[PDB]
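Coordinates in review
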2 protein chains.
Amino acid sequence: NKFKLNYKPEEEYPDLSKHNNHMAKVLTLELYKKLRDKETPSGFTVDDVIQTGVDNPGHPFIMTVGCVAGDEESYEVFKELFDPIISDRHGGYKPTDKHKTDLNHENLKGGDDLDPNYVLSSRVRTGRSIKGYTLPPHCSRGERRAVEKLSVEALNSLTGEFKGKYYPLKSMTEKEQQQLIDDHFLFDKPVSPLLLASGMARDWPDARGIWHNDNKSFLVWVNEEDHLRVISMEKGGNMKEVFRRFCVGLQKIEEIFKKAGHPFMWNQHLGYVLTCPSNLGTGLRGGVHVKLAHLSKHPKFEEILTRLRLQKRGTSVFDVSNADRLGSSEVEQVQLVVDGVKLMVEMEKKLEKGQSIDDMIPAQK
Amino acid sequence: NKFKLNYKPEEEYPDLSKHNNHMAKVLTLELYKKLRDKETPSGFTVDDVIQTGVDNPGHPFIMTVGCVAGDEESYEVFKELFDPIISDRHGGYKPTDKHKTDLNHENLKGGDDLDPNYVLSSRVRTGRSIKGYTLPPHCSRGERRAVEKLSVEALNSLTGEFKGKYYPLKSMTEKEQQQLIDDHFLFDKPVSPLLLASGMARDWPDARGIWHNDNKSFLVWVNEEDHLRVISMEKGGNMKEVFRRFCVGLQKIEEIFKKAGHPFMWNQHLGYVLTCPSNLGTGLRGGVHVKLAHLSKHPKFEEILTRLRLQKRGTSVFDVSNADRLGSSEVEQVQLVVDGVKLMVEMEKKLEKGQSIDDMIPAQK
């Protein structure tokens, strides 16, 4: 987190000998030395952007990024360090490759309405950073508060079906915590020996809260991982309607933020900037809680997912979600989820009557 | 850990509403504002010294300090903040009160040799900061390494009964770890949601190791909590001989450090400076593993300890150790342990034959 130019780069250079994370793969004595004296206009330095990676040796299988931006300029300034990491974590997205950001919910081709008897629920999460303020791993309580004020104010104005309420984390607990908890709402502390190693859980829970309509269908976290972490989920599997309220909520949030002089920082190369290079672009996670009692058992499962450009986590229901973030647009992405999920179900079904199946090649569904 | 003078102190001022730690008790909007722009010659700022406290609300019963010095100057600079905390944590040690530092092992009055059938082992721990370098919660990998180099070099020279070997933490594990472990040697990571919240476990385990004679009777940790954490323990209960090897080892360590231009930072007011204001002075912990199967059961136990100026932890054997650090000297302190322990045993014994006991008033044994 610190470094003294009075020392020779070789001495300050970290001992990444046993590290398994992107930052480790590209950071070199040569590179270090180059930008070990450059700094963002808000004092952010490489030693800072690389510190969480140096502390977290990661793990052989699951590979972590290894760094975080402390402000919008961190990308331009430490370009020589982030660029390779991005084009190493995003299918080789090149320093030239553009980025499509399409938030028109209509362009969501069909994504009709899939089998409820198979999809427990669909949701769309995303992050946003209000510009003019530093990012979580570096903003002062000062900044952090302003972000919340602005954020809350902004939200409070929202009427219609987006009429909700703010809930500061300090003034909270089970009476709402547990509720909000077992009712999946509020957010806990990034306690992870990775997130707290990021140095961004400082002054918890000051200036942090959950906001949400009365319908509890559109939640928004303030100052957690990034300035804003809007989430639009619904029960069942109306991925279409979900991704609708999503695009519109954002459309409106931003409009307020814009008229106040604080638009969400985005640039046509990276798209939307956030703390983690691996959530850059649309920073979107469209997903559903499918119930594939059998499709999973099938050994070609993985590849099917792979060829569909999807992921999943432990939850026989799974959390299949879109895999791309950079290069692909929001709509395209959510799309890759509906089509992909529909095939998962059509299959799962055919598996229900001991029948064989047929898939396809990557870059679809 | 950061702060922008562009913000009004009221906005950057932490929300200590629900905090139980010294820093919380004395930090006020008035004080904050005063030194919220002062900084040590190594860039350490209040926001830094208070950050670990703001993050750790502590606990109602056990009260924690709430801050740490990042360099020797942190005490002079943030004097208005540390002074009350020290004279609030050390029986009111005033900004004027001197401090005795007596390392002559001879002055240890008697402390003859106590009952082995009652004292499992005696040990003397202490900390030391090499001057010219910042303290653990702020030194760069650069500095940290220099400290180890110097430290190791220094140690390696030591011959006689102080002939030992260094053991960097990276090149380690059970083959020695476990050994060194079950054989109480090496040191683990301050993983505590308090120490790691101090921001001083960075780049672990780079530049950190255990050093010790072949007799494993004098251990020294490099760059753990403070620059050096020398420990002199022995089995049985020869507190005298223990506190001997202790004083001499230090006497010698320092002599090298001094001839190299890096004396242990000490000043006649605070004595020996270290990261935690609560270990200031002699930063000494003389203690023994007494076995008081009954003295403990006796309800006056606590007060007896109290009047003896002692403490203890869970280990029917206990870890009774000296309670004072500031004002009292090393010898006086170790003393308060032998005499105090001897009474604990003389009592425990009388308890063995269903007999009553007689104690005394504070300020002794």
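So, how was this worked out
- Residues numbered from 1 in each chain as written, not as in the entry; some residues may be left out.
- Chains lettered and ligands numbered in written order.
- Heavy atoms only, no water.
- Residues with missing side-chain atoms left out of burial classes, pairs and counts.
- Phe/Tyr/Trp six-rings, centres within 6.5 Å; stacked < 30°, edge-to-face > 60°.
- Helix = DSSP H or I, 4+ residues; strand = E, 2+ residues; numbered from the N terminus.
- Buried < 20%, exposed > 50% of the residue type's maximum accessible area, 1.4 Å probe, protein only.
- Core = buried A, V, L, I, M, F, W, Y, C linked by side-chain atoms within 4.5 Å.
- Domains from an automatic or database assignment.
- Contact = heavy atoms within 4.5 Å.
- Salt bridge = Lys/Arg side-chain N within 4 Å of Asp/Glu carboxyl O.
- Least-squares fit on C-alpha atoms.
- Nonpolar A, V, L, I, M, F, W, Y, C, P; charged D, E, K, R; others polar.
- 1 Å grid on protein atoms, 1.4 Å probe; cavity = no way out; pocket = protein on both sides within 12 Å on 5 of 7 lines; lining within 4 Å.
- Points joined across faces, edges and corners; volume = space filled by probe spheres on them.

In terms of determination method and resolution, the entry is listed under X-ray crystallography at 3.50 Å.

Considerations on the packing of aromatic side chains
Taken as a whole and judged by the stated rule, the model has 18 aromatic pairs over all chains. Where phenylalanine 187 of chain A meets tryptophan 204 of chain A, the ring centres are 5.4 Å apart and the plane angle is 75°; that geometry is what we call edge-to-face. In this pair, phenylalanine 187 of chain A is assigned in the loop between α8 (177-182) and β3 (209-213) and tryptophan 204 of chain A in the loop between α8 and β3, connecting sequence segments 17 residues apart. The burial state of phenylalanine 187 of chain A is the same as that of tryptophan 204 of chain A; both residues are buried. Geometrically, the ring pair formed by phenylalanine 257 of chain B and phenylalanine 264 of chain B is tilted, given 5.3 Å between the ring centres and 50° between the ring planes. Clustering of aromatic rings is evident, with ring pairs tying together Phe162, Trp211 and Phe218 of chain A.

Here's the deal with the nonpolar core
Grouped together as the largest cluster of nonpolar side chains are 84 residues, with contacts concentrated most on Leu27 and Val49 of chain A. A total of 10 residues in this core trace back to one element, the largest contributor, which is helix α11 (residues 330-352) of chain A. Both domains that meet at this core, namely domain 1 (1-95) and domain 2 (98-364) of chain A, each give it at least three residues. Apart from residues no more than four positions distant in its own chain, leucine 27 of chain A is found in contact with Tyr13, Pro14, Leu16, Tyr32, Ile50 and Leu81 of chain A. In terms of nonpolar packing, the next biggest core, distinct from the first, is built from 83 residues, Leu16, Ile130, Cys247 and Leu308 of chain B among them.

Quick word on the pattern of salt bridges
Evaluation of the coordinates by the stated rule reveals 50 salt bridges over all chains. Of the charged contacts, one joins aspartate 359 of chain A and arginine 307 of chain A as a salt bridge, the two residues approaching to 3.6 Å between their closest N and O atoms. A salt bridge links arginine 141 of chain B to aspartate 203 of chain B; its shortest N-O distance comes to 3.2 Å. Linking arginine 141 of chain B in helix α7 (residues 141-157) with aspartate 203 of chain B in the loop between α8 (177-182) and β3 (209-213), this pair joins segments that are 62 residues apart in sequence. For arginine 141 of chain B, a relative accessible area of 2% gives the class buried. Three or more residues joined by partner-sharing salt bridges are found here, namely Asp47 of chain A together with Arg141, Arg144, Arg202 and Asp203 of chain B.

Re the relation of the copies chain A and chain B
Expressed as a screw transformation, the operator carrying chain A onto chain B has a rotation angle of 180° and an axial translation of 0.0 Å, and the superposed copies differ by an RMSD of 0.0 Å. What we have between these two chains is a two-fold relation. A share of 100% of interface residues in chain A that are also interface residues in chain B marks the association as one of identical surfaces.

Quick word on helix α4 (residues 46-55) of chain B
Of all 10 residues making up α4 of chain B, 10 are buried, and the element is well covered by its neighbours. Among the residues of α4 of chain B, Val46, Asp47, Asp48, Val49, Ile50, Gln51, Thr52, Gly53, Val54 and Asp55 of chain B are the ones counted as buried. Packed against the buried residues of α4 of chain B are α7 (141-157) of chain A together with α2 (22-26), α3 (29-35) and α6 (79-86) of chain B.

Let's talk about the interface of chain A and chain B
Opposite the 31 residues of chain A that make contact, chain B presents 31 residues. Every element with two or more residues in the side of chain A that touches chain B is listed here: α1 (9-12), α4 (46-55) and α7 of chain A. Among the elements that take part in the side of chain A that touches chain B, α4 of chain A stands out by supplying five residues, more than any other. Here the residues of the side of chain A that touches chain B are counted per class, giving 10 nonpolar, six polar and 15 charged.

Some points on the environment of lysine 216 of chain B
Residues and elements named next belong to chain B. For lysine 216, the position within the fold is in the loop between β3 and β4 (219-222). A relative accessible area of 35% places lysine 216 in the partly exposed class. Residues in contact with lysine 216, not counting those within four places in the same chain, are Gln179, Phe185 and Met233.

Details of empty space enclosed by the protein
Residue and element names in this part refer to chain A. In this structure, the largest cavity spans a volume of roughly 50 Å³. Along the walls of the largest cavity sit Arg128, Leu155, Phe218, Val220, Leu228, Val230, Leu250, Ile253 and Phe264, which together make up its complete lining. Mapped by element, the contributors of at least two residues to the lining of the largest cavity are β5 (228-235) and α9 (239-259). Classifying every residue of the lining of the largest cavity by side-chain character gives eight nonpolar, no polar and one charged.

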